[PDB]
4 protein chains.
Amino acid sequence: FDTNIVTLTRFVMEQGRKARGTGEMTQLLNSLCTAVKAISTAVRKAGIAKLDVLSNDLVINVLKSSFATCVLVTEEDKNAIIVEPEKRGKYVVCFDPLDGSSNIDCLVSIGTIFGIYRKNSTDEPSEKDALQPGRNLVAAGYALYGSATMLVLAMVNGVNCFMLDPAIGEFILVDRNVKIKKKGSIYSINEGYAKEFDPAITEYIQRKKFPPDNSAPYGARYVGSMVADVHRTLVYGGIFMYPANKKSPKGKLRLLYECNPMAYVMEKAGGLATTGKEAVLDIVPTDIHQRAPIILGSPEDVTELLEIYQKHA
Amino acid sequence: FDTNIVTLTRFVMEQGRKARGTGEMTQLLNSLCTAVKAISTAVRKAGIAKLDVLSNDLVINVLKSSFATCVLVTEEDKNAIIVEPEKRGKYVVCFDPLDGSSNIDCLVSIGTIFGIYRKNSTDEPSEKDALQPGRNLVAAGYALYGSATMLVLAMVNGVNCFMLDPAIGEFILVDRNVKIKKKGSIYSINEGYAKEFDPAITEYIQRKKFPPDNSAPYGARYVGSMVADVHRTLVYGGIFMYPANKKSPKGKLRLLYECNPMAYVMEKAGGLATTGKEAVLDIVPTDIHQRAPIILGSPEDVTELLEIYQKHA
Amino acid sequence: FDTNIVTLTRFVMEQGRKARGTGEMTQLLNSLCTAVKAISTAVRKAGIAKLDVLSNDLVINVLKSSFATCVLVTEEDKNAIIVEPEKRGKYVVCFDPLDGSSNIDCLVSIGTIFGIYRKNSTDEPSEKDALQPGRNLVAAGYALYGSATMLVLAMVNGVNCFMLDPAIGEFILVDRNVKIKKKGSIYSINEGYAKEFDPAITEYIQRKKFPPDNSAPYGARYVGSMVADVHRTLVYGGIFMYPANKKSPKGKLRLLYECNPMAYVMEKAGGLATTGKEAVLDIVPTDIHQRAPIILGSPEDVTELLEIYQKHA
Amino acid sequence: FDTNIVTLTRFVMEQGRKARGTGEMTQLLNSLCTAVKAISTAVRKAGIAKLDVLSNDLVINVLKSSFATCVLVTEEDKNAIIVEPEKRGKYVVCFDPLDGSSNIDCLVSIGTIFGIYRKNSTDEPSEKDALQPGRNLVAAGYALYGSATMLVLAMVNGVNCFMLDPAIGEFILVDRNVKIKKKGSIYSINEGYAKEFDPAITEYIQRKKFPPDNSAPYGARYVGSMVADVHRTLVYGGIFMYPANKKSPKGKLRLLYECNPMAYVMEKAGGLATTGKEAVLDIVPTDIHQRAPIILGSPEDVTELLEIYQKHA
Ligand SMILES: O=P(O)(O)OC[C@H]1O[C@@](CO)(OP(=O)(O)O)[C@@H](O)[C@@H]1O
Ligand SMILES: O=P(O)(O)OC[C@H]1O[C@@](CO)(OP(=O)(O)O)[C@@H](O)[C@@H]1O
Ligand SMILES: O=P(O)(O)OC[C@H]1O[C@@](CO)(OP(=O)(O)O)[C@@H](O)[C@@H]1O
Ligand SMILES: O=P(O)(O)OC[C@H]1O[C@@](CO)(OP(=O)(O)O)[C@@H](O)[C@@H]1O
Ligand SMILES: O=P(O)(O)OC[C@H]1O[C@@](CO)(OP(=O)(O)O)[C@@H](O)[C@@H]1O
Ligand SMILES: O=P(O)(O)OC[C@H]1O[C@@](CO)(OP(=O)(O)O)[C@@H](O)[C@@H]1O
């Protein structure tokens, strides 16, 4: 009866028409969604019989065959992947094909994170085309393989969420223009690293548990899988932090394919994403595998931690 | 593990690149497949609770939103449907959204038949753009909702069959360049109309049952649903006939959306399609709802009936 | 989301609770449903992925694990299968695992036919337990892998249709206490064998194409798969006929697991099943793989052919 | 296509056949599987389509139709439900239909918790039949709607995991006689309530973040859904803790259908379930909706917190 179904394709296509463009993005996101549906199906009967290597080979293949990319950066590949000339296009794509895959056995939410840049140079494609600021992303998002499979997409016009209807094998648009809440009730961080944190994070944790103005204390959640913690942060409001510890002095989370996508999504939904020292999106990278500290969330909460970072400075 | 999956999109896109074109066909067939997956899902839980009217509204919508059509001809609509200017493209499409839908209750194979022309005039779109010879089709085919859902596609380069993988919601290419057999063993026709047939059909039926050279007699099958009878004829070889009776002097089957698609498919697979008087594809139409007699099948069998039509002439 | 789902299990249990007899039967049919779902899925992705052998082995394994059978007859195995003493129960199941399996490649409907007897002896299970007349059948029916999957189940109360809801893997009751039309307008027979047809048949078909009482001729329909044509005959009406010719001298369809299951379905829905001479249900079997002619369908139609048999003898 | 599928039904039946007891139990759990599949599907398309109310009604309808229950306790209904005399059997089922349902919107895992007692009386069913200590549980477990759907079922032999194969709608055995790690490296507790935590807890958490025996600190993990964290704790190891604070004075988790099902799973897999004072399984219930603290998980970890409880009393 739902004859007017807004699929992701119908959505992405109607928009690149306003860009007065060539169609490569619609083709790209199209291919990407073939990878996303196949990984979901795989995670759903994963047990009835690694997985993140299949995953990876599926995203690289659907992206080369789309004739819309030229440099592909993977979590799994040492170097950047340059698309053969016959299959080349203008977009650069950095992705993590199955984020949080250590946790596939404990059956909790995992996902694919991706960030798409445009190559702007006249030269032959290289990893340098990929070493751009995250503020330069044309589009970015993640797919979520939880109780339902969700693709959240951020572009210049906003943040939209599409859900996989498993009956038809199509992502359907279920929420338009997701704006995050100004202030939330949840803080998300691995507190098992408490001795390794700096003075400003420890002070912020302390007042969420023991509120200064004799208020109501913050709830705590940490799924242990970045996509699940950030999607909850977007839809429910709150703060999410994976700051620098001593196992990880530059942070644990990679910049081109975990911090920049999720930060692009957050800021487009009206939140902030910072390292405590600077905006994540404005960090200029040097190595495609470099890590970054990240504190992303509802504006008033991230701002709070930013001020605890200044007194301590 | 199947990282290199040839989907219909990957197939259609790689080909329009050789046409040095604009992308409207890939978009069109893409939209069409959203309609096809949704109708399949519907026929699969059709009972757990008309259907061909939903079907129709689903194909018209996915085709308008593709920005690749301008005139749409339906079995269900009196007139041709002209696409609003903002959503217009170059292709004309004639379809039957759910062929053989009287038979949905008896649970047998049904399907969607479509034929795509190109508008070649400079004028504003009209039904006249649709009144072309079937020899002028750029592409044509059918989707089959039987035990599996099959989309058979014919274009200038050949006949290819793609199957719906229901796990991923993607049509996969399972047979490349289907050529029909020279001569087959099966004849397909509704013999309950036997008193109404002409002398040449009656003579051809007679020698399939009672072979002149003391041979082995032809088997007989007639599902009663054009898509199922023609797909069997393509994949197994044989003859299929719905010739003029007295309930139907111009035949029962419509020309722009049942006879021309199936004839385009047949001739591209190397078979023949005739009315007994002329090639179906070369019939120039006058009304978008006009019917035609059709005898389509393996070459040596159709040719046989063509000669029984000449002695009788 | 229906909170009041009526599955095949809840159904059968609500008929057997008012009996104090078998919850052993619920176990058997329940097990038969797992195999039917596992075959349906395999047929639905068949081309993307011997089918009847793996189906044979699935129906035997799921049956032996019900703890409800002791003897099993299959189309594929020459001798009966006496189930292990440890896994025994009181029922004999006779099954054709994948009817019309030559018709799989052409995507025409296929199905699973099963008759279930009760072992009416104290002795050790032997194929003589399988050798009851169909009259002695406790439950019988079929599964049709069509545009939708349907399990039709005839027991002593009547016939009930169930449909596979692919979303949850359950057979849902969609038609209760089914009864066939007294008279239909379709006849189903392979007229390629017209030459070796006996004269009762030959006369009867001319009364269909050329009505004596000048009425409309019957429509012909022959899918070529027993389950598709016996199921169309049960819902629409009309006659289905596979009589004896010489190439198949005492008929083609096997008596224990194709003619008798269909004949018990037909008679518990008020239609008739004969061989032209006697009732199928009273023929006392001598080989497990013994054949028989079969004419079934609407009571006023079987009757009209039985009186042309009375005339030639 | 596996011909030797081991479903939950074939499993349970192969353990109960070597017992001469219940095939009444197979009926119950079988019915519980229909509801679990019907809820899984609803959660998987949730956003595209009160969920816990329709889930409540589904678990009650499918349960009353098993002819295996007489008393039912639900999170949603204040009084027990004494099943009709016509539909009775010997088992009491206590169930939480949709655990952590506030977490549905954020797409984090949710689940169904069920404990099953046997009515140990001759009398008329009354909620006093529901009021056994968990020690008296015959079968207990949960369903996790995660990246995959899993039914974990603990009976007297041990714990077994089953996974929903979405293709055929059956739960397939994927792990046999499960046993938890003696000691894990993760602790799970909501530290937003750190202020009102009692001192055994507060000390124990500092031994996790700051190890006395200078070892690596434990990793924190808290999904916020009981089934996700009790299931991660069973497969990985570690401790899960919901102790009493004042806002929820005698603990938050309801004893009859959340603490006791989880506690019987944990103990039949060799882990421990306590309240800090006593074992959960021996607490004699007084209200059906009575609450309790719960600390569960690896034996060497519960032990380490039980000795800090011995210290403060
Ligand atoms: O159609 P092409 O040329 O590929 O480019 C479309 C451009 O418009 C944008 C706007 O954010 O996406 P979209 O296709 O959705 O409109 C860019 O991301 C993209 O580069
Ligand atoms: O164990 P910790 O250090 O908390 O790491 C969890 C974080 O690491 C990531 C990185 O991929 O998962 P993981 O290491 O388990 O693979 C993120 O998804 C997640 O936010
Ligand atoms: O890309 P556009 O401009 O839409 O046209 C492609 C042309 O090539 C053909 C060749 O048959 O299809 P295809 O896209 O598969 O290559 C025509 O049917 C079609 O008109
Ligand atoms: O009953 P007859 O005259 O044989 O008609 C069957 C033919 O008509 C069609 C036309 O749509 O089906 P139907 O009339 O049953 O809807 C074809 O699919 C099929 O080949
Ligand atoms: O080709 P004919 O002789 O008409 O056979 C049709 C009958 O044979 C069967 C026998 O099982 O099919 P098939 O040979 O194609 O396997 C039945 O399903 C069907 O009703
Ligand atoms: O917010 P807190 O108090 O940590 O609650 C978590 C616990 O509460 C429950 C209660 O059912 O979730 P919830 O309130 O979100 O419904 C459990 O599933 C979960 O373990």
# chains A, B, ... in the order shown; residues from 1 in each chain; ligands from 1
$ select_by_dssp --residues "range 75-200 of chain C" --states "strand (DSSP E or B)" --output "ChimeraX atom specification"
/C:81-82,88-99,110-118,137-145,149-155,158-165,170-178,186-188
$ residues_around --residues "range 53-65 of chain B" --least-positions-apart "2" --cutoff "10 Å" --atoms "only C-alpha atoms" --output "ChimeraX atom specification"
/A:1-6,10-11,13-14 /B:27-36,38-40,42,50-51,67-77,81-84,86-89,93,95-98,112
$ closest_atom_pairs --of "chain B" --to "chain C" --cutoff "7 Å" --atoms "only C-alpha atoms" --output "CSV"
residue,atom,partner,partner_atom,distance
B:43,CA,C:147,CA,6.3
B:44,CA,C:148,CA,4.4
B:45,CA,C:165,CA,6.0
B:47,CA,C:174,CA,6.4
B:48,CA,C:174,CA,6.5
B:106,CA,C:232,CA,4.7
B:107,CA,C:147,CA,5.9
B:108,CA,C:146,CA,6.0
B:109,CA,C:147,CA,5.7
B:145,CA,C:147,CA,5.5
B:146,CA,C:147,CA,4.3
B:147,CA,C:146,CA,4.8
B:148,CA,C:44,CA,4.2
B:163,CA,C:48,CA,6.8
B:165,CA,C:45,CA,6.1
B:174,CA,C:48,CA,6.4
B:190,CA,C:220,CA,5.2
B:191,CA,C:220,CA,5.7
B:192,CA,C:219,CA,4.5
B:193,CA,C:209,CA,6.6
B:194,CA,C:209,CA,6.0
B:195,CA,C:210,CA,6.8
B:208,CA,C:192,CA,6.9
B:209,CA,C:192,CA,4.9
B:210,CA,C:195,CA,6.4
B:217,CA,C:192,CA,6.0
B:218,CA,C:192,CA,5.3
B:219,CA,C:192,CA,4.7
B:220,CA,C:192,CA,5.5
B:221,CA,C:222,CA,5.3
B:222,CA,C:222,CA,5.1
B:223,CA,C:223,CA,4.6
B:224,CA,C:221,CA,6.4
B:228,CA,C:108,CA,7.0
B:231,CA,C:106,CA,6.9
B:232,CA,C:106,CA,5.0
B:235,CA,C:106,CA,6.2
B:236,CA,C:106,CA,6.9
$ closest_residue --among "B:310, B:9, B:26, B:101" --to "ligand 4" --atoms "only C-alpha atoms and all ligand atoms"
B:101
$ residues_near_ligand --ligand "ligand 3" --cutoff "12 Å" --atoms "only C-alpha atoms and all ligand atoms" --output "PyMOL selection string"
(chain A and resi 23) or (chain B and resi 8-30+66-69+89-93+115-120+136-141+153-160+264+268)
$ atom_distance --atom1 "CA of residue 257 in chain A" --atom2 "CA of residue 271 in chain A"
18.8 Å
$ atom_distance --atom1 "CA of residue 199 in chain A" --atom2 "atom 8 (O, counted along the ligand's line) of ligand 2"
22.2 Å
$ residues_around --residues "residue 289 in chain C" --least-positions-apart "2" --cutoff "8 Å" --atoms "only C-alpha atoms" --output "JSON, numbers by chain"
{"C": [75, 78, 254, 255, 256, 287, 291]}
$ decode --residues "range 179-190 of chain D" --atoms "N, CA and C atoms" --output "PDB file, in the first residue's frame"
ATOM      1  N   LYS D 179      29.552 -23.320  29.703  1.00  0.00           N
ATOM      2  CA  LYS D 179      30.139 -23.072  31.007  1.00  0.00           C
ATOM      3  C   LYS D 179      30.944 -21.775  30.925  1.00  0.00           C
ATOM      4  N   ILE D 180      30.641 -20.846  31.852  1.00  0.00           N
ATOM      5  CA  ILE D 180      31.282 -19.537  31.964  1.00  0.00           C
ATOM      6  C   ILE D 180      32.728 -19.624  32.458  1.00  0.00           C
ATOM      7  N   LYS D 181      33.539 -18.605  32.115  1.00  0.00           N
ATOM      8  CA  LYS D 181      34.926 -18.525  32.570  1.00  0.00           C
ATOM      9  C   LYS D 181      34.948 -18.416  34.087  1.00  0.00           C
ATOM     10  N   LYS D 182      35.996 -18.981  34.714  1.00  0.00           N
ATOM     11  CA  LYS D 182      36.114 -18.925  36.165  1.00  0.00           C
ATOM     12  C   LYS D 182      36.330 -17.511  36.675  1.00  0.00           C
ATOM     13  N   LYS D 183      36.855 -16.662  35.796  1.00  0.00           N
ATOM     14  CA  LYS D 183      37.223 -15.309  36.137  1.00  0.00           C
ATOM     15  C   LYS D 183      37.289 -14.481  34.849  1.00  0.00           C
ATOM     16  N   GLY D 184      36.645 -13.306  34.743  1.00  0.00           N
ATOM     17  CA  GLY D 184      36.705 -12.496  33.522  1.00  0.00           C
ATOM     18  C   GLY D 184      37.573 -11.253  33.644  1.00  0.00           C
ATOM     19  N   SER D 185      37.489 -10.318  32.699  1.00  0.00           N
ATOM     20  CA  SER D 185      38.256  -9.088  32.839  1.00  0.00           C
ATOM     21  C   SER D 185      37.393  -7.860  32.605  1.00  0.00           C
ATOM     22  N   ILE D 186      36.103  -7.944  32.947  1.00  0.00           N
ATOM     23  CA  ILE D 186      35.108  -6.898  32.725  1.00  0.00           C
ATOM     24  C   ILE D 186      34.155  -6.884  33.894  1.00  0.00           C
ATOM     25  N   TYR D 187      33.757  -5.658  34.271  1.00  0.00           N
ATOM     26  CA  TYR D 187      32.798  -5.441  35.330  1.00  0.00           C
ATOM     27  C   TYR D 187      31.712  -4.538  34.773  1.00  0.00           C
ATOM     28  N   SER D 188      30.455  -4.834  35.122  1.00  0.00           N
ATOM     29  CA  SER D 188      29.305  -4.131  34.571  1.00  0.00           C
ATOM     30  C   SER D 188      28.339  -3.640  35.644  1.00  0.00           C
ATOM     31  N   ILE D 189      28.285  -2.300  35.783  1.00  0.00           N
ATOM     32  CA  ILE D 189      27.501  -1.575  36.786  1.00  0.00           C
ATOM     33  C   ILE D 189      27.265  -0.102  36.359  1.00  0.00           C
ATOM     34  N   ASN D 190      26.094   0.509  36.670  1.00  0.00           N
ATOM     35  CA  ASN D 190      25.825   1.915  36.315  1.00  0.00           C
ATOM     36  C   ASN D 190      26.384   2.858  37.378  1.00  0.00           C
TER      37      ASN D 190
END
